[PDB]
Amino acid sequence: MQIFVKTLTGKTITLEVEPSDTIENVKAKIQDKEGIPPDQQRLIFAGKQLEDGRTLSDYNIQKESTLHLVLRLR
Amino acid sequence: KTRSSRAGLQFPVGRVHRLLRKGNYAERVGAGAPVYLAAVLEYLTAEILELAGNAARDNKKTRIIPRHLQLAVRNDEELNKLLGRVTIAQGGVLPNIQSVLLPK
Amino acid sequence: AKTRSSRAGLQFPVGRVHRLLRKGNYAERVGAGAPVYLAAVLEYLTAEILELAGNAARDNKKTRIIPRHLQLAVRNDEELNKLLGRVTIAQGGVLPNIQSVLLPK
Amino acid sequence: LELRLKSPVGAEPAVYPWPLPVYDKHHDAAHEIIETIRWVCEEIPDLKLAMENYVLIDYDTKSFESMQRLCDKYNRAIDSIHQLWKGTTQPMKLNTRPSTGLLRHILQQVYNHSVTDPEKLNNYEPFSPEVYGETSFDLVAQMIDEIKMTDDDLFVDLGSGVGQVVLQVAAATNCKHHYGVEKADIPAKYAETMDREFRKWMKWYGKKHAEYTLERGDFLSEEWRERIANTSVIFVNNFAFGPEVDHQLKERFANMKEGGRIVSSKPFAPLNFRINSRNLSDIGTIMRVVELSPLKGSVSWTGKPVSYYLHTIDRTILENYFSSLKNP
Amino acid sequence: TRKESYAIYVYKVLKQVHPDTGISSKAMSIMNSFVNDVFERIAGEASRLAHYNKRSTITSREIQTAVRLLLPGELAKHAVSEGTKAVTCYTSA
Amino acid sequence: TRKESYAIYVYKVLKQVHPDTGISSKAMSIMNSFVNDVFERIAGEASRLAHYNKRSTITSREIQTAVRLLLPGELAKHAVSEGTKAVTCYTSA
Amino acid sequence: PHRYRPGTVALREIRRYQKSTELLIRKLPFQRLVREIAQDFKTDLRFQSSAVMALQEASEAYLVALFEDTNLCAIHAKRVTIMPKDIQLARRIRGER
Amino acid sequence: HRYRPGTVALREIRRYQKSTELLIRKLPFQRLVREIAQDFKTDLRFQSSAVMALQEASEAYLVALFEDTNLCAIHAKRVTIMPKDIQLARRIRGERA
Amino acid sequence: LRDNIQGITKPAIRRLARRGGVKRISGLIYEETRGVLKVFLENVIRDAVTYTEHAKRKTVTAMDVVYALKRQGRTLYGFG
Amino acid sequence: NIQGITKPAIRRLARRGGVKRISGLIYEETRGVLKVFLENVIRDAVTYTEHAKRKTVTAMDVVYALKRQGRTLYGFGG
DNA sequence: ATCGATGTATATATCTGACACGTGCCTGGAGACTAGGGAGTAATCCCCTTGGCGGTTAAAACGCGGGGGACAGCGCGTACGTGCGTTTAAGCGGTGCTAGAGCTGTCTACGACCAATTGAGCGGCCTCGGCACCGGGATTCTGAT
DNA sequence: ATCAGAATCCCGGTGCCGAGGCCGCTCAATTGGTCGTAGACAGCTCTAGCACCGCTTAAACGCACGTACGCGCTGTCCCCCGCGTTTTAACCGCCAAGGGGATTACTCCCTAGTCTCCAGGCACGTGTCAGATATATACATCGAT
């Protein structure tokens, strides 16, 4: 399934995943198309913060849903 | 693991830790001390090359030449005061002319 | 005698200087000619001053050397002044020195 | 044996006993009544006409009755104002904010009558966050001119002292509730009296301020991690806190969102900052630094005027640098 | 003879601050001579600070107070701060 | 608690030049702080000439060429001679 | 009565002061100056009474050298009176800030 | 046509304060050094760069000197430098007695 | 403490100039020298205090001021 | 030899310093200043070369003279 | 011019104190003896400096002409010096308080040495792209009008 | 001021060359790994820094006077600047040389180390002679009468 990642800056990416994929493989693929440092990336799903090794199926985000990205400063 | 990677340096910690022992700067050396010292030298050679790169674009050049370091140093008033005694090869001086010599 | 000072005919202690070249981390191995040749040079410079202070003290007709004399010793010399141009002597004073046009007509 | 000043707005009168006490070298309660009649005649314009008549120079602070003579002449004229307001004359506006000439009088009146001993404001351990240092009268009123605030905006001070920066801001705009957090002890013990008298000195002069509280405790307590993340406008005097105290403020500033504007003495971030792959950790990647104009005719101990630097949390630059690494 | 220099390490630090800039072979030898000279001033004072307390070890603490003597006002404020973090980072590792 | 000096040695040197003269304790502690300063230039120069020539020793050849550099013209020309006499007089004896 | 000509008095001070050795700045006002500058670098510092005599000696022997090298300049501009664009000159040539 | 006197000289400054090249040829300066080294020792060979280092010094010492000299002459209400100034400027540094 | 820099009087600076050989002082020098003497002392004391903080003491001896002037290039004889 | 240091070359140096108008007796002054200056450097330069048991004045011996002078030089292999 | 007295030079005596001389007491100088290790010299080495030709081509050198500038001086308005009265504020020496500087105590974690393994660093290969150069164009002052 | 008149930017082309990747081979950097000894806290103690304070008095201070000196201006006399012609030597290319620097080697004799011996130097100790104050002449000089 494909998901939508909406940031604080108004920019929203169109990123394509599997329903089983971990956020770490997503945060690696966020490093593909955006190049933003994942160690300074911070993702939120609806009050449930995405952890690296955790999946989508841990969080059960539905297809074509909306995420939240925060730019954390290490 | 190196010992620069274990602290995030780019300068070596091997070469510095040896040179405190070849010099007889003291008898024995504390083990976190060559780390601290290589932290400083990195910051100073990231200070010069910062002021070098800005003033090198103004001549629309790509590489850094010894005229560009001379314009990086005598302009900055905190590196001038450190490098006060030192002449730099191929340098030249700042473009500056007195007030009374300009015509009417 | 048994002293290394009198074997060379010196005053300054040649045994002490051989210590102070070691516990100062100046170098590792200290050659045999190093303290003897050095301690002669220290003797010559100090005797150079106390001569020139003694010539300036007795012209002020006093018994001991006071630090007003040593200032007059160095500053009235050519080659002691070039060595000691970065020395402030405590309670010395300065020379009598008045410029040309300041004298009264 | 006291002195009474009748309230022009009908509140409780302020009574000062004889002999009139001395607070410091240039602000005492005897001369304070001279300015009190001077600024309250600026409040009621009909009351100003009553003291233009028959108030001659010849009254002195040494005499009790002569100081009472202008005070008794003030008390007769307030009864003329209150009978005038019962007729067709409209009353004076109560829910307005005090002007700077009246914010001059009220805050110093709170500074004098609450803070009895200013010498106790100087009993601290130096080179520490316990170092006490206050702000000038103009520069906070300069921020009233130059910086815009609303109700979603919330002005919270870090190390408020007796808190007159919040007092000069909570009287200025309408933020919903203010905090003045105080790690120092003795100006916080005066902040209990600074809170009581000032809420009462907006009763006697009859103007409005915003909701405020000067709080004692730790600003580095871990409760305030998110409470700073709730704040819009943060004032801080970072001249001598210590940079690791400022680094733990940089820990609490990693959780602040958009629009935060910090006005500070020592820069967290340089004016000539530049983003590169060496200063990814530095704080100037997200906020711009601009220097507010330091006061004309104000010489500090160094010789340069006191510089408070305006910040603005603006995360525009950080993605742009990340975009301009793809570019070209 | 296989001689040593800092010629490669400055070139890495140049690419951290300017990727689109190189450095020629004349103004490399200045930055080589530079770091050979600032190191002798700092490791000179750590000799001088140890004798005055009649100790015989350069800890990490003398370098911290050799830098606060030897560099000017503003520049020593960052460099001491930049040094402590690197020791701090070294302590977890 | 020992605190050494060069104080007793100047009394020998003073009387062999002006035997009818004394010296106060103020200007004693100048001459104590003079020899300690002339030492640490000369002994601090052989530290460089040892390592500028990749050596580890200090002969009486470095000390001769440390005096050549430091002292001015007519003063350097005697002090080399007064020293090398005392090498040879230590040698034959 | 009597009057000296202007200038003949000050010439008699210069001959008088260049022989004496005592400290020309007084003892105690100087000590309240050193403790004030040292106040803003670290608080609660106790000075030995020999270290304060060090600062008084080294700060005269700097300033006497300043007025010797002031006075080569004002004579050089054909004047006799020293002016603050001499002191700002001489510190520029020695390389000071 | 004809220039005013002193109009080229304000261009000769701007030409030379933008350049880097050595203002004293290579060849007579080299034959000067081999004179002075002859008074100390005979048959001294110089590396090629060991004369370059003297030329980087002896220029950049003299270029520093005329900067300090020109501060003196403006101070004395003139434009023209004169040999009382080099004798002055070298004196305040203490490089002369 | 505040403003002891007026404690260096007007006849004090007058005495110093006569030792150098100044025959004739102007009137504006008295505000210059109170600036020159302050800046010179801020570099001596800053270094000497920094030696004190390394030794973990609170007392500034006479052997700290001498090690401040030596590094400064103004070597002082007579205090040890 | 010192005569070989010309008249316009000293005029080329003084234009770099910012001098506008030059007198005529500078030209034997500035020859005199220079001839002093090298007798300080080369005398120290030779004394290192005496000590190394050599006859070939390397580039390093001029640099170590200028360091000791307090006229430190960058860019010749320090 | 010589009063003139003022400041300074030199000289008187004397009580204070600051060396100068003695005790003996204690860690360093001296001997010597043994082990190892850096240094001296030889031997060759292959570079790199001295040397000198030969022609080009800028750059130094000669000279003269015009004028802006330094030089001597006057005028004149004022600011700095000398002195007399007046008034703080250092300087003394006095006494107490205590913080802390300095010394020893007493164990100890930190650093060094030895040995083990190997990956980063350096020297020599290629090679491109940046400036050097070229000869062409717009722009910018200089001086005469 | 407004033109005009060379200067110099600045460029659009290209051509050598030196910097930036690339190779690979060795030796310094990391590893344990055990140790010994310098260093850190602890306790103690007197040291002098500090506080302070009354008591005389030298030392600043305020001011009136006035005069010599900074300063502005004038000019006038001539030295530097600018330009144009004429000549020398720097400069590049050069090639051949050969001395001296540089590395290897080989071994020796000097230095360190250790245990040993003692006495010179150091701090106390009492005693004393140079000096400074206190005054008293002796000189001589600076500006007026």
# chains A, B, ... in the order shown; residues from 1 in each chain; ligands from 1

call {"tool": "residues_around", "arguments": {"residues": "range 3-16 of chain C", "least_positions_apart": "3", "cutoff": "12 Å", "atoms": "only C-alpha atoms (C1' of nucleotides)", "output": "compact mmCIF listing (two decimals) with C-alpha atoms (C1' of nucleotides), in the first residue's frame"}}
result
# COMPACT_ATOMS: atom_id res chain seq x y z
CA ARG C 19 70.91 18.40 37.83
CA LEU C 20 68.92 21.29 36.41
CA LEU C 21 69.55 20.25 32.84
CA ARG C 22 68.00 16.93 33.74
CA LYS C 23 64.90 17.73 35.79
CA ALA C 32 79.90 15.70 29.84
CA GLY C 33 80.99 19.07 28.54
CA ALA C 34 77.56 20.59 28.99
CA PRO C 35 77.46 21.80 32.64
CA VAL C 36 81.10 22.90 32.83
CA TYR C 37 81.03 24.96 29.66
CA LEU C 38 77.70 26.48 30.63
CA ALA C 39 78.50 27.45 34.21
CA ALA C 40 81.52 29.43 33.06
CA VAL C 41 79.29 31.58 30.86
CA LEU C 42 76.97 32.41 33.76
CA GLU C 43 79.96 33.44 35.82
CA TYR C 44 81.20 35.89 33.19
CA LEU C 45 77.92 37.74 32.77
CA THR C 46 77.29 38.23 36.47
CA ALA C 47 80.86 39.40 37.08
CA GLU F 4 67.76 27.06 47.13
CA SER F 5 69.38 30.05 45.48
CA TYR F 6 72.51 31.33 43.80
CA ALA F 7 72.95 33.75 46.65
CA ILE F 8 76.17 32.58 48.28
CA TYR F 9 77.97 32.44 44.95
CA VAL F 10 77.58 36.12 44.15
CA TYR F 11 79.32 36.94 47.44
CA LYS F 12 82.31 35.08 46.12
CA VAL F 13 82.11 36.82 42.76
CA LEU F 14 81.52 40.28 44.22
CA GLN F 16 86.91 39.08 43.77
CA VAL F 35 70.80 34.04 36.50
CA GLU F 82 86.04 32.07 28.85
CA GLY F 83 83.99 28.91 28.60
CA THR F 84 86.30 26.81 26.41
CA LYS F 85 89.21 27.59 28.71
CA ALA F 86 87.23 25.94 31.49
CA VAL F 87 86.50 22.93 29.31
CA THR F 88 90.20 22.41 28.64
CA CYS F 89 91.20 23.16 32.21
CA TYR F 90 88.70 20.54 33.31
CA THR F 91 90.02 18.28 30.54
CA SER F 92 93.74 18.20 31.36
CA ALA F 93 93.04 18.10 35.09
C1' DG K 28 72.81 16.30 47.75
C1' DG K 29 77.64 15.85 45.24
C1' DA K 30 81.09 12.57 44.47
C1' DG K 31 83.19 7.71 43.36
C1' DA L 119 80.27 17.66 53.97
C1' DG L 120 79.03 21.70 51.94
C1' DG L 121 75.06 24.52 52.22

call {"tool": "residues_around", "arguments": {"residues": "residue 87 in chain G", "least_positions_apart": "4", "cutoff": "9 Å", "atoms": "only C-alpha atoms (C1' of nucleotides)", "output": "number ranges by chain"}}
result
G: 66-67, 69-70, 73, 82-83, 91-92; I: 29, 32-33

call {"tool": "residues_around", "arguments": {"residues": "range 52-62 of chain J", "least_positions_apart": "5", "cutoff": "10 Å", "atoms": "only C-alpha atoms (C1' of nucleotides)", "output": "VMD selection string"}}
result
(chain F and resid 49 52 to 53) or (chain H and resid 41 to 54 57) or (chain J and resid 41 to 42 44 to 47 67 73 76 to 78) or (chain K and resid 49) or (chain L and resid 100 to 101)

call {"tool": "write_last_selection", "arguments": {"atoms": "N, CA, C and O atoms (P, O5', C5', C4', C3', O3' and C1' of nucleotides)", "output": "compact mmCIF listing (two decimals), in the first residue's frame"}}
result
# COMPACT_ATOMS: atom_id res chain seq x y z
N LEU F 49 68.14 23.02 19.31
CA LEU F 49 69.22 22.58 18.43
C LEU F 49 69.47 21.09 18.55
O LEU F 49 70.10 20.49 17.68
N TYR F 52 66.30 20.11 16.24
CA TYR F 52 66.38 20.57 14.86
C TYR F 52 67.37 19.74 14.06
O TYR F 52 67.34 19.77 12.83
N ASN F 53 68.25 19.01 14.73
CA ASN F 53 69.20 18.13 14.07
C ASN F 53 68.95 16.67 14.41
O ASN F 53 69.83 15.83 14.21
N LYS H 41 81.87 33.67 6.31
CA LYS H 41 82.43 32.37 5.99
C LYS H 41 82.61 32.32 4.49
O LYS H 41 81.85 32.96 3.75
N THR H 42 83.60 31.57 4.03
CA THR H 42 83.84 31.47 2.60
C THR H 42 83.25 30.19 2.05
O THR H 42 83.18 29.16 2.73
N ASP H 43 82.83 30.26 0.78
CA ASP H 43 82.24 29.18 0.00
C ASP H 43 80.95 28.66 0.65
O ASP H 43 80.87 27.51 1.09
N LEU H 44 79.95 29.52 0.69
CA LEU H 44 78.64 29.15 1.18
C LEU H 44 77.67 28.98 0.03
O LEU H 44 77.38 29.92 -0.71
N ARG H 45 77.15 27.77 -0.11
CA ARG H 45 76.19 27.48 -1.16
C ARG H 45 74.79 27.73 -0.63
O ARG H 45 74.45 27.35 0.49
N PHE H 46 73.97 28.38 -1.44
CA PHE H 46 72.60 28.67 -1.08
C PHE H 46 71.67 27.80 -1.90
O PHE H 46 71.84 27.70 -3.12
N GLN H 47 70.69 27.18 -1.26
CA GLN H 47 69.61 26.58 -2.02
C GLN H 47 68.81 27.66 -2.73
O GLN H 47 68.86 28.83 -2.35
N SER H 48 68.08 27.25 -3.76
CA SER H 48 67.32 28.21 -4.54
C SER H 48 66.18 28.80 -3.74
O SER H 48 65.85 29.97 -3.90
N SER H 49 65.58 28.01 -2.86
CA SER H 49 64.50 28.53 -2.05
C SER H 49 65.01 29.29 -0.84
O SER H 49 64.25 30.02 -0.20
N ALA H 50 66.29 29.15 -0.52
CA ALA H 50 66.81 29.84 0.65
C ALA H 50 67.22 31.26 0.34
O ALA H 50 67.75 31.95 1.21
N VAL H 51 67.04 31.69 -0.90
CA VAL H 51 67.13 33.11 -1.21
C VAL H 51 65.73 33.68 -1.38
O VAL H 51 65.47 34.85 -1.07
N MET H 52 64.80 32.83 -1.83
CA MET H 52 63.39 33.21 -1.92
C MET H 52 62.84 33.57 -0.55
O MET H 52 62.03 34.49 -0.43
N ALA H 53 63.28 32.87 0.49
CA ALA H 53 62.79 33.15 1.83
C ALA H 53 63.30 34.49 2.33
O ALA H 53 62.63 35.16 3.11
N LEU H 54 64.48 34.89 1.89
CA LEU H 54 64.96 36.21 2.25
C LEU H 54 64.21 37.29 1.49
O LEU H 54 64.02 38.40 1.99
N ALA H 57 60.99 37.91 3.05
CA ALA H 57 61.11 38.63 4.30
C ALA H 57 61.43 40.09 4.05
O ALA H 57 60.75 40.98 4.57
N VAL J 41 69.89 38.52 9.97
CA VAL J 41 69.33 37.24 9.58
C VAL J 41 70.43 36.26 9.21
O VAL J 41 70.49 35.15 9.74
N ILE J 42 71.31 36.66 8.28
CA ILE J 42 72.26 35.71 7.71
C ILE J 42 73.29 35.30 8.74
O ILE J 42 73.77 34.16 8.72
N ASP J 44 72.61 34.76 11.82
CA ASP J 44 71.97 33.68 12.54
C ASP J 44 71.80 32.48 11.63
O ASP J 44 71.84 31.34 12.09
N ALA J 45 71.63 32.71 10.33
CA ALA J 45 71.42 31.61 9.41
C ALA J 45 72.69 30.80 9.24
O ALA J 45 72.65 29.57 9.14
N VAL J 46 73.83 31.48 9.22
CA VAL J 46 75.11 30.80 9.05
C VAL J 46 75.44 29.98 10.29
O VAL J 46 75.96 28.86 10.20
N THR J 47 75.05 30.48 11.46
CA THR J 47 75.38 29.83 12.72
C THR J 47 74.61 28.52 12.91
O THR J 47 75.10 27.60 13.56
N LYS J 67 62.04 32.76 12.83
CA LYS J 67 61.23 32.40 13.99
C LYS J 67 61.82 32.97 15.26
O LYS J 67 61.12 33.52 16.11
N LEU J 73 57.55 32.98 9.70
CA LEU J 73 57.27 32.84 8.28
C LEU J 73 56.50 31.56 8.02
O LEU J 73 56.87 30.50 8.51
N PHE J 76 57.18 27.56 3.99
CA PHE J 76 58.40 26.96 3.48
C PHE J 76 58.73 25.68 4.23
O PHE J 76 59.90 25.31 4.34
N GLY J 77 57.72 25.00 4.73
CA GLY J 77 57.93 23.74 5.41
C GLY J 77 58.40 23.93 6.83
O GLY J 77 59.50 23.53 7.19
N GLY J 78 57.56 24.54 7.66
CA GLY J 78 57.87 24.71 9.06
C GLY J 78 57.73 23.44 9.89
O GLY J 78 57.94 23.45 11.10
P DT K 49 69.41 23.56 -5.87
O5' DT K 49 70.68 24.51 -5.72
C5' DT K 49 71.66 24.19 -4.74
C4' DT K 49 73.06 24.47 -5.24
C3' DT K 49 73.25 25.79 -5.97
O3' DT K 49 74.43 26.39 -5.53
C1' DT K 49 73.94 24.00 -7.36
P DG L 100 82.03 20.81 -1.83
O5' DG L 100 80.70 20.52 -1.02
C5' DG L 100 79.47 20.92 -1.57
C4' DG L 100 78.38 19.93 -1.26
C3' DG L 100 78.41 19.39 0.17
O3' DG L 100 77.12 19.46 0.71
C1' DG L 100 78.22 17.63 -1.36
P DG L 101 76.89 19.60 2.28
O5' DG L 101 75.36 19.23 2.43
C5' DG L 101 74.49 19.52 1.35
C4' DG L 101 73.69 18.30 0.95
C3' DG L 101 73.05 17.55 2.10
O3' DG L 101 71.73 17.23 1.76
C1' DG L 101 74.33 16.06 0.81

call {"tool": "select_by_dssp", "arguments": {"residues": "chain I", "states": "alpha helix (DSSP H)", "output": "JSON, numbers by chain"}}
result
{"I": [10, 11, 12, 13, 14, 15, 16, 17, 18, 19, 20, 29, 30, 31, 32, 33, 34, 35, 36, 37, 38, 39, 40, 41, 42, 43, 44, 45, 46, 47, 48, 49, 50, 51, 52, 53, 54, 62, 63, 64, 65, 66, 67, 68, 69, 70, 71, 72]}

call {"tool": "closest_residue", "arguments": {"among": "J:75, J:70, J:8, J:32", "to": "chain I", "atoms": "only C-alpha atoms"}}
result
J:70
